[PDB]
Amino acid sequence: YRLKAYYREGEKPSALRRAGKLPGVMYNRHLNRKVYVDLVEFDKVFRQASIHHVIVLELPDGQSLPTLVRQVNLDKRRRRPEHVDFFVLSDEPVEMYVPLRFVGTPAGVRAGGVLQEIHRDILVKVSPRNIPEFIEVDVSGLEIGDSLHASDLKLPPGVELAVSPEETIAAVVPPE
Amino acid sequence: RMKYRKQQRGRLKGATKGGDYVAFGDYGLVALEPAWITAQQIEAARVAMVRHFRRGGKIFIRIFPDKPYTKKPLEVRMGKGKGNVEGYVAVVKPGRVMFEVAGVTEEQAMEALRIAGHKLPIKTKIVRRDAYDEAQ
Amino acid sequence: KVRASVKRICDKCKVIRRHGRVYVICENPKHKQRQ
Amino acid sequence: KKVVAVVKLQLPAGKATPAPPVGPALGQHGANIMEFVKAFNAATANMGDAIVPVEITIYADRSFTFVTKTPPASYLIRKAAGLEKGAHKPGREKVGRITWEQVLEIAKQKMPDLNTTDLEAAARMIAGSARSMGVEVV
RNA sequence: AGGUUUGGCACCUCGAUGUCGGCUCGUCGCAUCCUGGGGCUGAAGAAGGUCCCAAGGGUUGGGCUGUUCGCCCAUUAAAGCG
RNA sequence: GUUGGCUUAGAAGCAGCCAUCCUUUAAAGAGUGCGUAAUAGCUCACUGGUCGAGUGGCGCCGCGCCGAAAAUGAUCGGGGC
């Protein structure tokens, strides 16, 4: 995805916020710049894009930078973004969370009982040139019993899990 | 169920802690106004929660009482109140996410929480997700 | 023939809002209300 | 007061007058218990132990009985299968299971009162309604 | 919500604001006990149940207690609350 | 074929807990709906003819409305807007 990123000069963050912009910042071991976008813009992109897939910003002057969102802030009262730090990608192997998908239907319907997405998406060390969309979860043979975690994922090439490994990434439990 | 207690009333300023994010569950119930929520209330809500969709999914109650609410016996003045009597409560600043459901349809989920709100002595708002996280 | 928190018993129970009172009702005098 | 209507019934072929389904049902709904019953005999005489269905009325063809038609899906399903009543719970019980061939075949066989007609069609009907019961495909 | 109970506070009054109850005389409120209307009803009729308009006018005599209150007797359209 | 489940005395949506397949096209009700003894009927929750156009679904914002009953005569200080 992509969206204009107009250079932030450096004046009245609220002025923006209120006006229509959305303060942000892009950086890496090299770059570090003040940016701003547009609610409707950022929203329309993130809402679906989030921070799982790559975002490329269109700076007013040619520039086309490959990035991701490391963190966004909220105004507690009525969730609405306040700031955003953009990670200007390059080539060095980088960390990042990748989505997971739980397909099928593990035993848990006769008496009920529903799973519990214990870690929607996980971080795994990988080189940008390769960035899996989402990963699969072959779980469907476990009832109220145990759960899977850590190295129980067909983590493709360059997917050296970057966690413990031990992080319970899913679990099925009783109803009400 | 511990520590040395019968504490100071204290007050609820801005809700700098009134606004988390769905942590587990799928949908949720965020608070709009600040207040003290009596355990009596939590349950009275949670119960109706589960009870709304008998044999359903899971309910998560992120808020939790621990503040002792004292009260006098119907007399005058002479040392802190018998205290507790009725019990304890939790402090909610506008924005905190009190309850959150999961493992169910939105038609079932959403409508479920709506009821809860009636139990709580505040004004509420319902949320979905896909928002905040720490991914890239 | 009522006063609060109504969702419209039956569809027949159409919200009849006149004068000032918001009394919704169907064909059924059981499904009849008046705010 | 008397509202005419052909009576659609499932009954104990071999017998004829099942107290609940032909006593009340036929007689009062728009038919007759024991008479439609002996006509029943006339037929059920060689169909009666996996249950039999017939719609009986006083209709065109100027007469009384109407149409005898293949003992309903799911039921003849367990019928050939090998169980008494219903397997108490379908899906969340995944304990009654049958197979591909013998299935599609039994389909072919019962095929008479079968919508359209197709090998895969009847077979599929089997797997499906069978499931509906607890007669799941495995 | 109301300020009829029980309380809290201690602002006017201690060079004094006589404090339960009855009697007499009442006047106001509606959150209506009767009597006027009306909608529902799990309203066939006669009865009822419930809610809504609406005080114009009504709203008894005795037994027991200082009683207010109550419980009884005998009635009543009703034997209203403040 | 739906009238598959305990309960069938009756679920065979129009009892209640287990389904959510199939046949097959006008299309697709794994049936939201008036019922009794199920069942038996009613409307679209789908589609042609004209009709030829803005229509259904959620959501924040401004103002307002119902929620709103008391005691000597009432009124926003008044008139009147």
# chains A, B, ... in the order shown; residues from 1 in each chain; ligands from 1
>>> select_by_dssp(residues="chain B", states="helix (DSSP H, G or I)", output="list in words")
residues 39, 40, 41, 42, 43, 44, 45, 46, 47, 48, 49, 50, 51, 52, 106, 107, 108, 109, 110, 111, 112, 113, 114, 115, 116, 117, 118 and 119 of chain B
>>> select_by_dssp(residues="range 47-96 of chain D", states="strand (DSSP E or B)", output="list in words")
residues 52, 53, 54, 55, 56, 57, 58, 59, 63, 64, 65, 66, 67, 68 and 96 of chain D
>>> residues_around(residues="residue 31 in chain C", least_positions_apart="5", cutoff="10 Å", atoms="only C-alpha atoms (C1' of nucleotides)", output="number ranges by chain")
C: 1, 8-14, 24-26; E: 40
>>> write_last_selection(atoms="N, CA and C atoms (P, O5', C5', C4', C3', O3' and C1' of nucleotides)", output="PDB file, in the first residue's frame")
ATOM      1  N   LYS C   1     -50.330   3.236  27.071  1.00  0.00           N
ATOM      2  CA  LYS C   1     -50.402   1.821  27.528  1.00  0.00           C
ATOM      3  C   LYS C   1     -48.989   1.237  27.687  1.00  0.00           C
ATOM      4  N   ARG C   8     -40.681  -2.740  19.868  1.00  0.00           N
ATOM      5  CA  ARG C   8     -41.742  -2.945  18.890  1.00  0.00           C
ATOM      6  C   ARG C   8     -42.178  -4.412  18.891  1.00  0.00           C
ATOM      7  N   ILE C   9     -42.940  -4.811  19.917  1.00  0.00           N
ATOM      8  CA  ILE C   9     -43.431  -6.200  20.034  1.00  0.00           C
ATOM      9  C   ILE C   9     -43.448  -6.879  18.649  1.00  0.00           C
ATOM     10  N   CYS C  10     -44.512  -6.643  17.881  1.00  0.00           N
ATOM     11  CA  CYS C  10     -44.617  -7.174  16.523  1.00  0.00           C
ATOM     12  C   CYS C  10     -44.498  -6.046  15.526  1.00  0.00           C
ATOM     13  N   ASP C  11     -44.208  -6.399  14.280  1.00  0.00           N
ATOM     14  CA  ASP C  11     -44.140  -5.409  13.222  1.00  0.00           C
ATOM     15  C   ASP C  11     -45.484  -4.711  13.134  1.00  0.00           C
ATOM     16  N   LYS C  12     -46.557  -5.474  13.345  1.00  0.00           N
ATOM     17  CA  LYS C  12     -47.894  -4.899  13.348  1.00  0.00           C
ATOM     18  C   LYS C  12     -47.829  -3.740  14.315  1.00  0.00           C
ATOM     19  N   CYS C  13     -47.053  -3.931  15.383  1.00  0.00           N
ATOM     20  CA  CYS C  13     -46.881  -2.911  16.415  1.00  0.00           C
ATOM     21  C   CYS C  13     -46.081  -1.758  15.854  1.00  0.00           C
ATOM     22  N   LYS C  14     -46.735  -0.985  14.988  1.00  0.00           N
ATOM     23  CA  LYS C  14     -46.137   0.191  14.365  1.00  0.00           C
ATOM     24  C   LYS C  14     -46.205   1.353  15.355  1.00  0.00           C
ATOM     25  N   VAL C  24     -46.711   3.605  20.344  1.00  0.00           N
ATOM     26  CA  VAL C  24     -46.596   2.611  19.269  1.00  0.00           C
ATOM     27  C   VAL C  24     -47.530   1.434  19.520  1.00  0.00           C
ATOM     28  N   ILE C  25     -48.178   0.940  18.464  1.00  0.00           N
ATOM     29  CA  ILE C  25     -49.105  -0.187  18.605  1.00  0.00           C
ATOM     30  C   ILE C  25     -49.372  -0.944  17.302  1.00  0.00           C
ATOM     31  N   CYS C  26     -49.608  -2.249  17.431  1.00  0.00           N
ATOM     32  CA  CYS C  26     -49.979  -3.083  16.299  1.00  0.00           C
ATOM     33  C   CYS C  26     -51.481  -3.130  16.178  1.00  0.00           C
TER      34      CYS C  26
ATOM     35  P     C E  40     -58.070  -0.257  22.674  1.00  0.00           P
ATOM     36  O5'   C E  40     -56.730  -0.872  23.256  1.00  0.00           O
ATOM     37  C5'   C E  40     -56.667  -2.238  23.629  1.00  0.00           C
ATOM     38  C4'   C E  40     -55.485  -2.477  24.527  1.00  0.00           C
ATOM     39  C3'   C E  40     -55.549  -3.847  25.161  1.00  0.00           C
ATOM     40  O3'   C E  40     -55.004  -4.801  24.262  1.00  0.00           O
ATOM     41  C1'   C E  40     -55.205  -2.221  26.839  1.00  0.00           C
TER      42        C E  40
END
>>> interface_residues(of="chain D", to="chain A", cutoff="8 Å", atoms="only C-alpha atoms", output="ChimeraX atom specification")
/D:91-93
>>> interface_residues(of="chain E", to="chain C", cutoff="10 Å", atoms="only C-alpha atoms (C1' of nucleotides)", output="VMD selection string")
chain E and resid 39 to 42 50 to 52
>>> atom_distance(atom1="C1' of residue 6 in chain F", atom2="CA of residue 17 in chain D")
25.5 Å
>>> interface_residues(of="chain B", to="chain E", cutoff="10 Å", atoms="only C-alpha atoms (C1' of nucleotides)", output="count of residues only")
4
>>> closest_atom_pairs(of="chain F", to="chain C", cutoff="12 Å", atoms="only C-alpha atoms (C1' of nucleotides)", output="JSON lines")
{"residue": "F:33", "atom": "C1'", "partner": "C:10", "partner_atom": "CA", "distance": 10.4}
{"residue": "F:34", "atom": "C1'", "partner": "C:10", "partner_atom": "CA", "distance": 11.7}
{"residue": "F:65", "atom": "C1'", "partner": "C:20", "partner_atom": "CA", "distance": 9.3}
{"residue": "F:66", "atom": "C1'", "partner": "C:35", "partner_atom": "CA", "distance": 7.6}
{"residue": "F:67", "atom": "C1'", "partner": "C:4", "partner_atom": "CA", "distance": 8.6}
>>> closest_residue(among="F:63, F:8, F:13, F:18", to="chain A", atoms="only C-alpha atoms (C1' of nucleotides)")
F:18
>>> residues_around(residues="residue 35 in chain A", least_positions_apart="3", cutoff="9 Å", atoms="only C-alpha atoms (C1' of nucleotides)", output="ChimeraX atom specification")
/A:5-9,22-26,84-85
>>> write_last_selection(atoms="C-alpha atoms", output="CSV table (one decimal), in the first residue's frame")
chain,number,residue,atom,x,y,z
A,5,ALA,CA,3.5,11.7,3.6
A,6,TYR,CA,4.0,15.5,3.4
A,7,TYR,CA,7.1,16.7,5.3
A,8,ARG,CA,6.4,17.9,8.8
A,9,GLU,CA,7.9,21.4,9.2
A,22,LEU,CA,-1.9,13.1,11.8
A,23,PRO,CA,1.6,13.7,13.1
A,24,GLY,CA,4.1,10.9,12.5
A,25,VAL,CA,7.8,10.2,12.3
A,26,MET,CA,10.0,8.0,10.1
A,84,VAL,CA,2.9,7.3,14.3
A,85,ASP,CA,6.5,6.1,14.0
>>> closest_atom_pairs(of="chain B", to="chain A", cutoff="10 Å", atoms="only C-alpha atoms", output="JSON lines")
{"residue": "B:14", "atom": "CA", "partner": "A:77", "partner_atom": "CA", "distance": 9.7}
{"residue": "B:15", "atom": "CA", "partner": "A:77", "partner_atom": "CA", "distance": 7.5}
{"residue": "B:16", "atom": "CA", "partner": "A:76", "partner_atom": "CA", "distance": 6.9}
{"residue": "B:17", "atom": "CA", "partner": "A:76", "partner_atom": "CA", "distance": 7.2}
{"residue": "B:18", "atom": "CA", "partner": "A:76", "partner_atom": "CA", "distance": 5.8}
{"residue": "B:19", "atom": "CA", "partner": "A:76", "partner_atom": "CA", "distance": 3.9}
{"residue": "B:20", "atom": "CA", "partner": "A:76", "partner_atom": "CA", "distance": 6.8}
{"residue": "B:21", "atom": "CA", "partner": "A:79", "partner_atom": "CA", "distance": 8.5}
{"residue": "B:23", "atom": "CA", "partner": "A:118", "partner_atom": "CA", "distance": 9.8}
{"residue": "B:24", "atom": "CA", "partner": "A:117", "partner_atom": "CA", "distance": 7.4}
{"residue": "B:25", "atom": "CA", "partner": "A:116", "partner_atom": "CA", "distance": 7.6}
{"residue": "B:26", "atom": "CA", "partner": "A:117", "partner_atom": "CA", "distance": 9.3}
{"residue": "B:30", "atom": "CA", "partner": "A:78", "partner_atom": "CA", "distance": 9.1}
{"residue": "B:31", "atom": "CA", "partner": "A:77", "partner_atom": "CA", "distance": 9.0}
{"residue": "B:32", "atom": "CA", "partner": "A:77", "partner_atom": "CA", "distance": 7.5}
{"residue": "B:33", "atom": "CA", "partner": "A:77", "partner_atom": "CA", "distance": 9.5}
{"residue": "B:47", "atom": "CA", "partner": "A:176", "partner_atom": "CA", "distance": 9.8}
{"residue": "B:49", "atom": "CA", "partner": "A:176", "partner_atom": "CA", "distance": 9.5}
{"residue": "B:50", "atom": "CA", "partner": "A:176", "partner_atom": "CA", "distance": 5.9}
{"residue": "B:51", "atom": "CA", "partner": "A:176", "partner_atom": "CA", "distance": 8.2}
{"residue": "B:53", "atom": "CA", "partner": "A:176", "partner_atom": "CA", "distance": 8.3}
{"residue": "B:54", "atom": "CA", "partner": "A:176", "partner_atom": "CA", "distance": 6.7}
{"residue": "B:55", "atom": "CA", "partner": "A:176", "partner_atom": "CA", "distance": 4.9}
{"residue": "B:56", "atom": "CA", "partner": "A:175", "partner_atom": "CA", "distance": 5.2}
{"residue": "B:57", "atom": "CA", "partner": "A:175", "partner_atom": "CA", "distance": 4.6}
{"residue": "B:58", "atom": "CA", "partner": "A:175", "partner_atom": "CA", "distance": 5.9}
{"residue": "B:59", "atom": "CA", "partner": "A:176", "partner_atom": "CA", "distance": 7.9}
{"residue": "B:93", "atom": "CA", "partner": "A:77", "partner_atom": "CA", "distance": 9.4}
{"residue": "B:94", "atom": "CA", "partner": "A:77", "partner_atom": "CA", "distance": 6.5}
{"residue": "B:95", "atom": "CA", "partner": "A:77", "partner_atom": "CA", "distance": 5.2}
{"residue": "B:96", "atom": "CA", "partner": "A:76", "partner_atom": "CA", "distance": 8.1}
{"residue": "B:102", "atom": "CA", "partner": "A:116", "partner_atom": "CA", "distance": 8.1}
{"residue": "B:103", "atom": "CA", "partner": "A:114", "partner_atom": "CA", "distance": 5.8}
{"residue": "B:104", "atom": "CA", "partner": "A:114", "partner_atom": "CA", "distance": 8.8}
{"residue": "B:125", "atom": "CA", "partner": "A:78", "partner_atom": "CA", "distance": 9.0}
{"residue": "B:127", "atom": "CA", "partner": "A:79", "partner_atom": "CA", "distance": 9.5}
{"residue": "B:129", "atom": "CA", "partner": "A:47", "partner_atom": "CA", "distance": 9.4}
{"residue": "B:130", "atom": "CA", "partner": "A:47", "partner_atom": "CA", "distance": 6.6}
{"residue": "B:131", "atom": "CA", "partner": "A:47", "partner_atom": "CA", "distance": 6.8}
{"residue": "B:132", "atom": "CA", "partner": "A:72", "partner_atom": "CA", "distance": 7.2}
{"residue": "B:133", "atom": "CA", "partner": "A:71", "partner_atom": "CA", "distance": 7.6}
{"residue": "B:134", "atom": "CA", "partner": "A:71", "partner_atom": "CA", "distance": 6.0}
{"residue": "B:135", "atom": "CA", "partner": "A:97", "partner_atom": "CA", "distance": 4.4}
{"residue": "B:136", "atom": "CA", "partner": "A:51", "partner_atom": "CA", "distance": 4.1}
>>> closest_residue(among="D:97, D:79, D:1, D:89", to="residue 128 in chain D", atoms="only C-alpha atoms")
D:97
